């Protein structure tokens, strides 16, 4: 037996979408459970049949965005096209440009929660480690086929490149200064990846 809950799942989804909307204008501290309940069309007691706190709502939101990026990247890893090397790295990076770039408010809220929440910190750290291991393995496969030279240890080169994308894409999304303009940040990272993976 499997317990399908179309109605409970749909309302959970409306709470999550309500939170994501509110985060575009206000930090999580300025959002109340009543704002969440009212956005989701339920009473405030009813909210607690779906989440225990507004922090659990944000943790679920970050779960959703991080796993959407992870799954999109894994989808690329299992369906390799007949394409050039620059396009390979560009579509991989664009997974993160497009996923987090379409969820800017949740991304900003997650970064801010990284210092106060161990779950968020360990969530982000877990997925960075996996994406770095994946990058390292693609770098090594490019070395094995003779397409990239054996320079730095793959995992170290992978770590610095993925940390660059983290800092740089966030600076673009959050409109920080300094930042690369959002319309130019993909080309910028792709160039640095491709030159440093294939050059000596």
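Numbering follows the first chain given and starts at 1. In this text, the rigid core denotes the largest set of C-alpha atoms whose superposition between the two forms falls within 1.5 Å.
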- prompt: Which of 55-63 and 36-44 lies farther, on average, from the shown form in 9 other deposited structures of this protein once the rigid core is superposed (C-alpha RMS)?
  reply: 36-44
task: Compare 170-178 with 45-53 and report which one shows the larger root mean square C-alpha deviation from this form in 9 other deposited structures of this protein once the rigid core is superposed.
output: 45-53
message: Tell me which stretch, 111-119 or 68-76, has the higher mean Cα B-factor listed in the entry.
response: 111-119
query: Which is higher in the entry, the mean Cα B factor of 123-131 or that of 78-86?
result: 78-86
message: According to the Cα B-factor stored in this entry, which of the following is highest: 33, 169, 62, 163?
response: 33
Given 37, 147, 138, 157, the residue at which the Cα B factor reaches its maximum: 147
- request: Using the B-factor values recorded in the entry, state whether the Cα atom of residue 22 falls in the lowest, middle or highest third among the modelled residues of its chain.
  value: highest
message: Quick check for you: using the entry's CA B-factors within this chain, is residue 29 in the lowest, middle or highest third?
response: highest
message: Which third, lowest, middle or highest, does the C-alpha temperature factor of residue 49 belong to within its own chain?
response: middle
- request: Could you look up the Cα B-factor of residue 58 in the entry and say which third of the chain it sits in: lowest, middle or highest?
  value: lowest
message: For the chain shown, is the CA B-factor of residue 188 in the lowest, middle or highest third of its modelled residues?
response: lowest
